[PDB]
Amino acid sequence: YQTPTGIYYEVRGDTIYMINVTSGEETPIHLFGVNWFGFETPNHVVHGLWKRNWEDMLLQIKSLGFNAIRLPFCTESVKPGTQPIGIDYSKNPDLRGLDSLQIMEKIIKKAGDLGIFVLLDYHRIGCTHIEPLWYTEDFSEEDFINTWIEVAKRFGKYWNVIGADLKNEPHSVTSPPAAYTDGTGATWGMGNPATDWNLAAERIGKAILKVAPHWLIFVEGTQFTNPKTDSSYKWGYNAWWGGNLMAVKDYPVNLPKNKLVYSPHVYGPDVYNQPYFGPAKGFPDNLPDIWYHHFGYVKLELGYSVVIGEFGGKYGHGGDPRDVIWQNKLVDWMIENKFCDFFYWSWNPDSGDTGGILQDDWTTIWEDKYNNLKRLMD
């Protein structure tokens, strides 16, 4: 167990372990997580620091029973010198004069004092859009990897950083079948290095494990994988961005079994009006089998650690009424099948189709939404 902190994380079966290498103590951990976003935006800092103090926010997250944060970032936020925008330095006087990296470091050190796990998520290459692929004509794979290497060297020193969510939401920007071969979108198992996320995750993960051997590597799904795989299931074309893990069975990512975590995204009627959200398609009793095929079998049949990295919705608040039913159904199903490690989207209220756990006052929570979610925390 090599580690620069004394702590080494690893997967055993479908369970995540935290190992203290000096003393030999080791425990399984849950991830009861939330996303707290903003470092992937042009403000270059988690949102909500106009109305709240950053440390009060971490304390509140903890008081609600969460023990983990997924922290989205974009390339510019993790380069030295990038200035954060929108902080009220009267509520946050200890942030005055800090750059976004210093703020990230301060927040992660504090989460660690509070016993909060951090998962780092390279959410966008620019700070405006999630790209479909892990590069761009102006930012190469080599650049993407070098950024993760400099993130891993800097943040690998914080004991509570559990690892790297390689690239948020690989997806497509045209329909199949062109999306499989037109080079504009992520694929999986096409046998084409320009677009295959399964092969990229191997290359990117290996590079990170060289400098942070103690980290977990979280790999999301794609949107479309390969014609064979997607056409083999009736809703095979209707998986979310980062939400199609159908190609794992035939094309497993070839990263060490004790390091690899699979991390699908899954959403409800508030995010997209999927055909399968018709009561006249089986809703909501049809859901379990759809989740099972899109990603659940990766745990339930193949035995891997599967940590849902995003799910959420308005839960009836200025949104689709079916959302309340959908989050209730999805949480029942995660309980019944022991998907106990997750990250909810999001802590922040300022997410247009999902809202968050906090209300728009950035202070009060959606009680009912939270009470449903809290069933996962036992």
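Numbers for residues come from their place in the sequence shown, where the first is 1. We call the rigid core whatever largest set of C-alpha positions still superposes within 1.5 Å between the two forms.
Between stretches 352 to 360 and 20 to 28, more displaced by Cα RMS in 4 other deposited structures of this protein (rigid core superposition): After the core superposition, the stretch with higher RMS deviation in 4 other deposited structures of this protein is 20 to 28.
Higher-B stretch (mean Cα B-factor, as the entry records it), 169 to 177 or 215 to 223: Result: 169 to 177.
Residue range whose averaged C-alpha B-factor is higher in the record, 74 to 82 or 284 to 292: Averaging CA B-factors over each stretch, the winner is 284 to 292.
Member of 155, 197, 233, 122 with the greatest C-alpha B factor (per the PDB record): Checking the PDB record, the top C-alpha B-factor among 155, 197, 233, 122 is at 233.
Which of 150, 250, 105, 88 ranks first by CA B-factor in the deposited coordinates: Of the candidates given, the C-alpha B-factor peaks at 250.
CA B-factor ranking of residue 246, expressed as a third of its chain: For residue 246, the deposited C-alpha B-factor lands in the highest third.
Relative C-alpha B-factor of residue 44, binned into the chain's lowest, middle or highest third: For residue 44, the deposited C-alpha B-factor lands in the lowest third.
Position of residue 203 among the chain's modelled residues by C-alpha B-factor, lowest, middle or highest third: Tercile = lowest for this residue's CA B-factor.
Chain-relative CA temperature factor third for residue 17: Its C-alpha B-factor belongs to the middle third of this chain's values.
Residue 133 - which third its CA temperature factor falls in, relative to the rest of the chain: Lowest third of the chain for residue 133's C-alpha B-factor.
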